[PDB]
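Report on one structure; see the data block that follows.
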Amino acid sequence: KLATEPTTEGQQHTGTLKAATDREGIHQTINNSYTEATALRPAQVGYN
Amino acid sequence: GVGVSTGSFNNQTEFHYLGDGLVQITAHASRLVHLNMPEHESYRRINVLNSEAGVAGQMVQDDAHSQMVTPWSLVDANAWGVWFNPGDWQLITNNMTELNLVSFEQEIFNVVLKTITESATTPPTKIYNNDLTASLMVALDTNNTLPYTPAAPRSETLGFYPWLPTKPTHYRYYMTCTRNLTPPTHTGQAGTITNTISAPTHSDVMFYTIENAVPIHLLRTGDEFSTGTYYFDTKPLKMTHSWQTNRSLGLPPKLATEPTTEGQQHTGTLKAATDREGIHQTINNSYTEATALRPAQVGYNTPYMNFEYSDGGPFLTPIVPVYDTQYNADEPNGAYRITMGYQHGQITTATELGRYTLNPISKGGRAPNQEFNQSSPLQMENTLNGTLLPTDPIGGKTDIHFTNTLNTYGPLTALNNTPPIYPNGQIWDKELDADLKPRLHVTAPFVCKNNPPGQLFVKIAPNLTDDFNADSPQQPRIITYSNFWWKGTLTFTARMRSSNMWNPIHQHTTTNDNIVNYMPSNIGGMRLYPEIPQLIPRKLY
Amino acid sequence: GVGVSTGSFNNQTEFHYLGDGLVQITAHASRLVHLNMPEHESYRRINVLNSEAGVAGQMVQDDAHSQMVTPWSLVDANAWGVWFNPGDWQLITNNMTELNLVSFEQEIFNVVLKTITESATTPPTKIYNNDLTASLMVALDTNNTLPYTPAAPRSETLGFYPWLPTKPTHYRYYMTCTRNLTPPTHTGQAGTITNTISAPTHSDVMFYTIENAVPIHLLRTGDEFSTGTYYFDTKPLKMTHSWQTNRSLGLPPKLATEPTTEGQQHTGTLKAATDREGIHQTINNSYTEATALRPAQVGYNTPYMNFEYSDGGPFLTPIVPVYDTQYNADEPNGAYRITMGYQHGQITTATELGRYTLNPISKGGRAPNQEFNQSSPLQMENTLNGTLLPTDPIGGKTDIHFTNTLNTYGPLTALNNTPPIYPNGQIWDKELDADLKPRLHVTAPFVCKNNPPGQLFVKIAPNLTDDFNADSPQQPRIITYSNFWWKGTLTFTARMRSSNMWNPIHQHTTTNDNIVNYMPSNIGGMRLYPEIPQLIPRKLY
Amino acid sequence: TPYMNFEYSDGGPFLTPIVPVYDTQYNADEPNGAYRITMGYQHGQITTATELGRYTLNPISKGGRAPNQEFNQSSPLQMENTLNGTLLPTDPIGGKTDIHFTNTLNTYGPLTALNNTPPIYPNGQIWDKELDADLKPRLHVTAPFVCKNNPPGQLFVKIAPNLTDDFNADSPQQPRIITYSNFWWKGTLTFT
Amino acid sequence: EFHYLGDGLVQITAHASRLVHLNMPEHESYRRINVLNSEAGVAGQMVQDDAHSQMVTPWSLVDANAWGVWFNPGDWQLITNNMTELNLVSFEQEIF
Amino acid sequence: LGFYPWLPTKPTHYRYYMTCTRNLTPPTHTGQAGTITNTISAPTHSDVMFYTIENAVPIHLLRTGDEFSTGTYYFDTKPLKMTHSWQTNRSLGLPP
């Protein structure tokens with residue numbers, strides 16, 4: 001969820017999420033900050 | 001009629017002991033679900049970016065996606081602690097080997113719609129007039145036409161306490177993002193990196209609105225919205241963790257020198273290396289216990305902290321979670337780091353949010369600083385250039401070892417499932433509608449092969465101001481909220497454990513330093529610190 | 001025919017889960033019972049004395065009695081660890097509220113009689129010839145005609161390990177003793193005390209011989225002696241211990257000052273003493289929480305270490321065992337101090353015998369240095385001569401307090417039963433055939449109102465030498481022994497526990513410092529250190 | 001397979017078992033999972049004064065690879081390839097010259113057809129217990145037949161204690177009559 | 001017995017019977033013997049890793065799970081020459 | 001059991017792996033010397049799995065005229081294929 005939601009027309013302006021260390025949820029690493037790259041996803045699609 | 005009650009608050013977990021050991025854990029749950037009105041009723045596709053990854057080296061910090069914010073709020077049952085207080089989850093970690101999953105029904109009843117009204121006196125005074133005529137919109141997606149978004153990996157479920165009133169969270173889902181983040185760089189040097197989200201491609205933009213997908217029941221203040229009893233079709237989970245490893249599968253070699261003294265400081269000695277016999281996987285004559293003939297490997301070396309990059313963006317490869325080694329590493333073994341809210345654990349004082357780096361205790365995990373690789377001939381007392389110790393770099397990078405790239409998931413790889421996590425883990429999960437289904441889910445241990453149970457969308461119907469509603473972007477509304485109860489019933493089915501051995505196994509006890517994690521304080525502060533699951537041991541072979 | 005087997009070794013404890021929670025714990029037990037021949041076949045009334053109590057001050061050390069030594073050996077099942085390995089007794093202390101007791105059957109099968117024979121060569125060489133024709137005498141006292149002597153309070157039962165071969169103990173019972181020990185003295189002064197056992201009185205000498213009481217089945221080497229299924233009639237035990245006390249029965253007084261800060265260093269304050277209301281047992285106006293109106297007292301002040309003296313001799317009054325206070329006293333609360341043998345626990349190295357001072361955990365016990373008594377008016381800020389603190393002597397004896405004599409067993413005295421002790425405690429016990437039956441037994445928690453189950457008497461039949469058997473006190477015999485298996489089946493019946501609360505209760509776990517108490521060592525040393533029983537809590541009111 | 005790969009689990013260091021398959025024309029047998037079965041004098045092995053026979057074996061199902069015969073290239077194909085664009089197995093990994101890319105390289109994709117374990121004679125195993133795990137392995141390297149149900153009962157035989165006249169309480173080790181046994185054992189293993 | 005059924009299927013009924021000389025257990029006590037070695041404690045011999053924790057029981061195991069118990073080479077020549085598939089059906093043991 | 005009919009065989013002692021918590025790091029080469037630790041540690045509490053034979057399986061005593069007959073175990077296995085495959089990715093499909 002995001003706290004800063006945009007006001008202007010046009011997708012040049014982007015909504016801003018909460019802080020990295022303030023978000024919550026289940027997470028696959030040791031570190032405190034929950035970014036969207038290291039998230040908890042059910043399974044990977046594709047394979048290297 | 002308004003003044004007649006419509007349902008029954010109910011929260012007892014009936015352990016109805018059937019025959020032959022089977023039980024039927026009927027778990028009820030009922031919480032007051034305080035719904036606020038939507039701040040806007042218009043659907044919004046909000047692209048999200050960040051300036052944090054636009055500077056070089058912060059490319060894990062990648063919060064940018066494209067989000068579809070809908071005004072509908074989602075009432076979610078898909079979390080473990082909603083159904084189980086710790087007194088009843090102690091009973092299942094102590095006594096149950098398997099957990100099948102059978103039934104599920106939801107029920108919204110006894111809604112209370114109220115209008116808030118401001119009067120202009122010297123304090124801000126708010127008068128709560130009662131709405132006898134207003135309605136709220138419920139929508140049971142009985143076919144899962146909408147994207148199934150469980151709120152358990154974001155810890156956005158209903159709160160796990162019965163008396164504390166919960167909140168439902170806004171339904172939103174990912175829209176298509178076409179992410180541009182390359183070049184991927186180090187931190188030290190500066191690069192001309194491009195951090196923009198591009199225009200969404202035409203072939204995949206997938207805009208689900210709630211009204212045109214699921215039929216919606218309007219509900220006045222004397223409602224009773226009963227979801228039909230959803231019957232699951234899942235695999236039976238196994239709560240019994242496995243401890244056997246490839247140094248513990250099969251028949252051990254016989255020993256000739258057996259000890260004489262009391263105490264395990266003295267060790268029995270086997271036969272010679274070249275004198276032992278049996279089936280063996282190498283060319284050399286000496287049959288050590290490391291290179292032995294084991295049926296299949298347990299666990300698999302994941303290439304860990306591996307940031308794959310898909311049309312969506314950079315993401316880490318999810319690792320099957322498994323118990324770490326005696327050296328606590330937890331990153332190549334897939335630890336859980338679950339941060340909660342003040343509805344989900346976390347003594348409600350002025351501190352920040354609790355953490356609990358967790359693992360299961362199914363012993364099948366590896367360590368990255370404890371592995372090595374050799375050349376094709378075996379050659380004990382090995383050549384300096386013939387064996388790849390983890391002190392060796394990969395491409396000149398000294399902190400990076402071979403195991404960062406090395407994968408060993410062969411066909412004969414036995415593997416334990418995802419542990420269920422308490423109280424914050426997810427219960428069930430949608431089957432990935434793909435051609436090749438994954439063998440297990442890391443998000444949730446129960447997998448629904450059929451249509452998963454209907455997620456429940458609740459939104460206040462628009463109570464409109466006298467002002468006009470044509471040729472206006474944003475209309476004014478009467479500010480309002482709601483208090484509807486929500487009753488669930490999640491009927492499990494589980495087999496009692498049978499002790500077929502001598503020594504007593506580890507049960508989930510209560511120590512003198514543990515009652516403070518289970519009891520309220522002088523304020524009313526509660527806490528739901530996790531339980532390390534899967535306590536009963538079992539053999540893998 | 002000799003070469004046909006007659007029975008089945010069996011030791012699995014089948015937890016057969018019936019409906020509605022009830023289970024049916026069918027516990028089997030089977031041990032090789034190595035019987036040696038009797039050293040004499042003549043019945044002997046051995047008076048026992050000691051010179052230790054004949055000197056002044058050692059009058060607790062009172063081993064003198066009159067013993068009736070019979071040549072018959074007793075095979076005893078009346079001990080807990082015969083039927084329950086710790087893996088299956090962990091299952092019942094974790095999960096069962098009540099234990100009913102239903103069935104019991106014994107079976108001696110597959111006897112092996114052998115003759116030992118000495119040859120006169122330079123070492124002592126012994127040749128074990130097989131007896132195809134000899135017999136051994138079994139005697140199932142199906143009416144309990146003989147005095148019921150359980151071997152559990154002497155730790156003389158069959159050993160609690162399946163693989164280790166056990167030994168049966170010689171049957172003997174108390175004959176009448178008329179003890180003269182007075183005067184009772186101190187230690188320091190010398191007295192002219194008389195320490196003799198007198199001639200037994202005519203009216204009570206009770207000489208039971210085994211042959212003239214129970215019919216005796218001779219058994220050759222292909223026998224099968226099956227005891228019929230004894231059906232118990234006992235009270236249902238309650239494994240759930242009670243914690244409520246007279247400072248915890250009923251409804252607490254309401255408080256006006258409630259705390260504000262986190263942490264239990266800050267305490268809520270009640271109302272005034274003279275301002276509270278309710279029913280109350282004294283004359284004074286102030287209603288404190290000590291002098292309150294409680295339904296019945298739990299526990300009772302036993303006059304402890306009280307050596308009563310009966311026609312038999314001096315003996316200590318048995319105290320109902322109950323959990324001590326936070327100050328470990330254990331003597332006015334009736335601790336168990338159970339010393340075992342190397343068949344009953346006790347890692348089999350060169351040390352002496354293990355001890356384990358035990359208690360139950362049913363919170364109903366008192367402390368002697370924490371009690372006091374007052375005059376008839378209440379009078380807070382009490383007069384020096386109006387209150388009896390335990391610093392006060394009784395008759396000038398400073399170590400002896402009022403509570404050494406003080407008894408408080410009134411009619412309204414609620415009380416918990418004897419805890420079952422593991423693995424060394426007794427299971428069932430004979431009802432005392434008296435006019436006024438005792439309410440509970442301290443020796444064993446299960447009480448058989450009917451005829452108790454038949455104790456089993458086993459003795460080798462006399463294999464006689466060629467020498468004459470008339471006009472001779474002691475005859476020579478062929479030295480011999482026996483190896484007969486012994487199969488039991490003790491069918492329990494128990495109700496599964498239901499968790500009706502929030503916080504998880506104390507279960508019998510397995511810590512890292514506990515696996516050494518549950519696992520064999522490099523020699524083969526086993527151990528059966530006790531389990532503190534009755535773990536599930538319950539309310540007494 | 002990443003071959004000679006010593007994984008390390010709570011149990012200890014262990015080599016990753018490779019699915020056994022017929023080697024190339026260059027006899028390598030270590031990345032292809034050879035069997036090296038040493039027997040006793042009840043299992044083969046002419047009973048003279050020599051030591052135990054060896055027989056480095058393979059199946060003959062032609063699906064195996066060679067480590068000194070493989071190579072890898074960059075993303076564009078580029079016949080007559082650049083020196084730095086193709087990874088020949090003369091190249092070290094991290095400066096270790098005997099170790100090639102194939103020591104780390106795994107290619108088990110989803111579309112990987114594979115033959116089962118060959119049954120080995122007379123010394124191989126017939127059946128095997130299914131690994132009671134959540135994700136079952138696709139094949140066993142120890143035995144070709146897999147029992148999905150409860151596997152057949154292994155048979156435990158021990159002499160009952162024939163005891164000496166000496167006492168059996170408060171003693172660590174008891175004396176016994178020394179004895180043995182000769183029991184026949186008949187089986188019947190009906191194939192199809 | 002190679003009992004040739006119809007349509008090609010056969011039913012290889014393989015019997016086996018051996019005298020099984022059982023000696024008595026040297027000790028009847030169960031022993032948890034930890035095993036170590038000084039060979040891996042010096043650097044570089046870490047393939048030579050015989051150390052484990054073993055549970056030595058006095059019971060002896062009679063095992064059928066090997067191929068040559070049931071098949072002499074005259075009958076295993078017959079199956080490597082002529083049989084495509086092998087299903088597995090029945091199994092019974094008997095001590096007499 | 002030995003694969004010859006006339007030669008009398010021997011049964012082997014039943015033993016099974018108990019939990020071991022192995023400490024062997026650091027993993028080293030052969031040439032240099034390191035301060036490696038080669039100890040087996042104390043077994044963890046949660047997994048020590050001690051099966052005794054008497055308390056698990058019911059045991060038939062047998063005198064010298066016995067006949068202990070195991071019931072006919074019926075398998076449920078995959079059909080093995082004795083026919084080996086030779087085709088490779090330079091041999092699958094239609095040649096040019």
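Every chain in the structure tokens takes a letter, A first, then B, and so on in the order presented; its residues are numbered from 1, and the ligands are numbered from 1 following the presented order.
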
(request) Up to 7 Å from chain F, what residues of chain D turn up? Count only C-alpha atoms and give them as a PyMOL selection string. (result) chain D and resi 10-12+42-43+60-63+145-149+152

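The neighbours of range 13-27 of chain E here are the residues that come within 7 Å of it, using only C-alpha atoms and leaving out any residue fewer than 3 positions away in the same chain; they are residues 159, 179, 180, 181, 182, 183, 184, 185, 186, 187, 188, 189, 190 and 191 of chain D; 1, 2, 58, 69 and 70 of chain E; 5, 8, 9, 10 and 11 of chain F.
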
(request) For chain B, report every residue with an atom at most 7 Å from chain D (counting only C-alpha atoms), formatted as a PyMOL selection string. (result) chain B and resi 245-248+277-283+290-291+293-297+325-326+363-367+370-376+385-386+392-396+406-408+410-417+540-541

Mind dumping a table of every chain F residue within 8 Å of chain B, with the nearest atom pair and its distance in Å to one decimal, using only C-alpha atoms, sorted by chain and rising number, as CSV?
```
residue,atom,partner,partner_atom,distance
F:15,CA,B:252,CA,6.7
F:16,CA,B:251,CA,5.8
F:17,CA,B:248,CA,5.2
F:18,CA,B:248,CA,7.3
F:19,CA,B:248,CA,7.5
F:21,CA,B:326,CA,7.2
F:24,CA,B:370,CA,7.9
F:25,CA,B:370,CA,5.9
F:26,CA,B:370,CA,6.8
F:27,CA,B:370,CA,6.3
F:28,CA,B:389,CA,6.6
F:29,CA,B:384,CA,5.9
F:30,CA,B:381,CA,5.5
F:31,CA,B:384,CA,7.0
F:45,CA,B:506,CA,6.7
F:46,CA,B:506,CA,5.1
F:47,CA,B:537,CA,5.6
F:48,CA,B:505,CA,7.7
F:49,CA,B:503,CA,7.4
F:50,CA,B:502,CA,6.1
F:51,CA,B:501,CA,5.0
F:52,CA,B:501,CA,6.4
F:55,CA,B:501,CA,6.6
F:56,CA,B:500,CA,5.7
```

(request) For residue 95 in chain C, work out the shell of residues within 10 Å, counting only C-alpha atoms and skipping chain neighbours fewer than 5 positions away, then give it as number ranges by chain. (result) B: 91, 94-95; C: 90, 239-240, 494-499, 507, 535-536

File of the preceding selection, N, CA, C and O atoms, as a PDB file, in the first residue's frame:
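Wrote it out as again03.pdb, contents follow:
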```
ATOM      1  N   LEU B  91      -1.827 -27.565  20.695  1.00  0.00           N
ATOM      2  CA  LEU B  91      -2.420 -28.891  20.639  1.00  0.00           C
ATOM      3  C   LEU B  91      -2.148 -29.598  19.320  1.00  0.00           C
ATOM      4  O   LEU B  91      -2.208 -30.829  19.272  1.00  0.00           O
ATOM      5  N   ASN B  94       1.745 -30.486  18.929  1.00  0.00           N
ATOM      6  CA  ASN B  94       2.183 -31.540  19.824  1.00  0.00           C
ATOM      7  C   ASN B  94       1.709 -32.915  19.389  1.00  0.00           C
ATOM      8  O   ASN B  94       2.313 -33.921  19.770  1.00  0.00           O
ATOM      9  N   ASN B  95       0.636 -32.992  18.613  1.00  0.00           N
ATOM     10  CA  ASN B  95      -0.120 -34.227  18.533  1.00  0.00           C
ATOM     11  C   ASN B  95      -0.528 -34.654  17.137  1.00  0.00           C
ATOM     12  O   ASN B  95      -1.003 -35.780  16.975  1.00  0.00           O
TER      13      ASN B  95
ATOM     14  N   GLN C  90       5.084 -39.729  27.726  1.00  0.00           N
ATOM     15  CA  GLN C  90       5.012 -38.330  27.319  1.00  0.00           C
ATOM     16  C   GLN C  90       3.674 -38.026  26.675  1.00  0.00           C
ATOM     17  O   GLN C  90       3.143 -36.925  26.835  1.00  0.00           O
ATOM     18  N   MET C 239      -5.450 -36.582  35.890  1.00  0.00           N
ATOM     19  CA  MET C 239      -4.086 -36.118  35.668  1.00  0.00           C
ATOM     20  C   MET C 239      -3.961 -34.607  35.711  1.00  0.00           C
ATOM     21  O   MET C 239      -2.851 -34.096  35.842  1.00  0.00           O
ATOM     22  N   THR C 240      -5.051 -33.875  35.574  1.00  0.00           N
ATOM     23  CA  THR C 240      -4.945 -32.429  35.587  1.00  0.00           C
ATOM     24  C   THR C 240      -4.805 -31.919  37.015  1.00  0.00           C
ATOM     25  O   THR C 240      -5.717 -32.070  37.832  1.00  0.00           O
ATOM     26  N   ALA C 494      -8.829 -43.453  28.743  1.00  0.00           N
ATOM     27  CA  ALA C 494      -8.464 -42.094  29.087  1.00  0.00           C
ATOM     28  C   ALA C 494      -9.176 -41.122  28.163  1.00  0.00           C
ATOM     29  O   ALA C 494      -9.520 -41.464  27.031  1.00  0.00           O
ATOM     30  N   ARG C 495      -9.400 -39.910  28.655  1.00  0.00           N
ATOM     31  CA  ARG C 495     -10.060 -38.870  27.882  1.00  0.00           C
ATOM     32  C   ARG C 495      -9.034 -37.855  27.410  1.00  0.00           C
ATOM     33  O   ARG C 495      -8.216 -37.382  28.203  1.00  0.00           O
ATOM     34  N   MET C 496      -9.080 -37.529  26.121  1.00  0.00           N
ATOM     35  CA  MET C 496      -8.199 -36.523  25.553  1.00  0.00           C
ATOM     36  C   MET C 496      -8.517 -35.145  26.114  1.00  0.00           C
ATOM     37  O   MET C 496      -9.658 -34.843  26.468  1.00  0.00           O
ATOM     38  N   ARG C 497      -7.496 -34.302  26.194  1.00  0.00           N
ATOM     39  CA  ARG C 497      -7.691 -32.978  26.754  1.00  0.00           C
ATOM     40  C   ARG C 497      -8.179 -32.026  25.673  1.00  0.00           C
ATOM     41  O   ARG C 497      -7.919 -32.216  24.482  1.00  0.00           O
ATOM     42  N   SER C 498      -8.914 -31.007  26.098  1.00  0.00           N
ATOM     43  CA  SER C 498      -9.405 -29.976  25.199  1.00  0.00           C
ATOM     44  C   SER C 498      -8.943 -28.632  25.726  1.00  0.00           C
ATOM     45  O   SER C 498      -9.182 -28.303  26.892  1.00  0.00           O
ATOM     46  N   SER C 499      -8.285 -27.862  24.870  1.00  0.00           N
ATOM     47  CA  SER C 499      -7.732 -26.570  25.246  1.00  0.00           C
ATOM     48  C   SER C 499      -8.820 -25.523  25.077  1.00  0.00           C
ATOM     49  O   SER C 499      -9.208 -25.192  23.953  1.00  0.00           O
ATOM     50  N   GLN C 507       3.910 -28.391  28.631  1.00  0.00           N
ATOM     51  CA  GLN C 507       3.971 -29.765  28.159  1.00  0.00           C
ATOM     52  C   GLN C 507       5.333 -30.347  28.500  1.00  0.00           C
ATOM     53  O   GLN C 507       6.298 -29.618  28.730  1.00  0.00           O
ATOM     54  N   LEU C 535       0.796 -32.498  34.478  1.00  0.00           N
ATOM     55  CA  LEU C 535       1.260 -31.249  33.889  1.00  0.00           C
ATOM     56  C   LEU C 535       0.142 -30.310  33.469  1.00  0.00           C
ATOM     57  O   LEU C 535       0.327 -29.090  33.529  1.00  0.00           O
ATOM     58  N   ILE C 536      -0.989 -30.837  33.022  1.00  0.00           N
ATOM     59  CA  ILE C 536      -2.081 -29.974  32.555  1.00  0.00           C
ATOM     60  C   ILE C 536      -2.710 -29.277  33.754  1.00  0.00           C
ATOM     61  O   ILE C 536      -3.027 -29.940  34.752  1.00  0.00           O
TER      62      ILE C 536
END
```

(message) Distance limit 8 Å, atoms considered: only C-alpha atoms. Which chain B residues sit that close to chain A? Return them as a PyMOL selection string.
(response) chain B and resi 46-50+60-64+152-156+308+313-319+330-331+334-341+355+357+424-425+438+441-444

Write out the residues from the selection above, keeping C-alpha atoms, as a compact mmCIF listing (two decimals), in the first residue's frame.
```txt
# COMPACT_ATOMS: atom_id res chain seq x y z
CA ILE B 46 -0.88 4.48 -10.13
CA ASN B 47 2.57 3.92 -11.56
CA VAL B 48 5.10 3.74 -8.72
CA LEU B 49 8.73 4.79 -9.03
CA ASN B 50 11.53 5.67 -6.64
CA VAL B 60 17.99 -4.19 -4.42
CA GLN B 61 15.95 -1.21 -3.18
CA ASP B 62 13.54 -1.51 -6.09
CA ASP B 63 10.03 -0.44 -5.07
CA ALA B 64 8.90 0.55 -8.55
CA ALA B 152 -0.76 -12.64 4.42
CA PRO B 153 2.64 -11.92 2.73
CA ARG B 154 1.99 -8.22 3.39
CA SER B 155 0.64 -8.88 6.94
CA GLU B 156 -2.58 -7.12 5.96
CA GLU B 308 16.58 -12.63 -11.76
CA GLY B 313 11.70 -6.01 -12.74
CA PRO B 314 14.59 -7.35 -10.67
CA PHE B 315 13.61 -10.00 -8.11
CA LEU B 316 15.29 -12.53 -5.85
CA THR B 317 14.82 -16.23 -6.55
CA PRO B 318 12.64 -17.69 -3.77
CA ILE B 319 14.41 -20.52 -1.96
CA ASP B 330 19.67 -18.54 6.85
CA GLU B 331 20.10 -16.68 3.55
CA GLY B 334 15.45 -19.21 2.93
CA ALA B 335 14.76 -17.69 6.33
CA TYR B 336 11.52 -15.95 7.13
CA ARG B 337 11.79 -12.38 8.45
CA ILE B 338 8.20 -11.47 9.21
CA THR B 339 7.49 -7.95 10.45
CA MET B 340 4.00 -7.61 11.92
CA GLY B 341 1.62 -4.85 12.90
CA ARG B 355 11.19 -9.23 13.71
CA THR B 357 14.21 -14.33 11.87
CA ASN B 424 1.47 -14.73 10.52
CA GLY B 425 1.78 -17.28 7.75
CA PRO B 438 5.29 -25.70 -9.49
CA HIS B 441 4.64 -23.04 -2.95
CA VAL B 442 6.90 -21.04 -0.66
CA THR B 443 4.05 -18.70 0.25
CA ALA B 444 1.64 -21.26 1.73
```
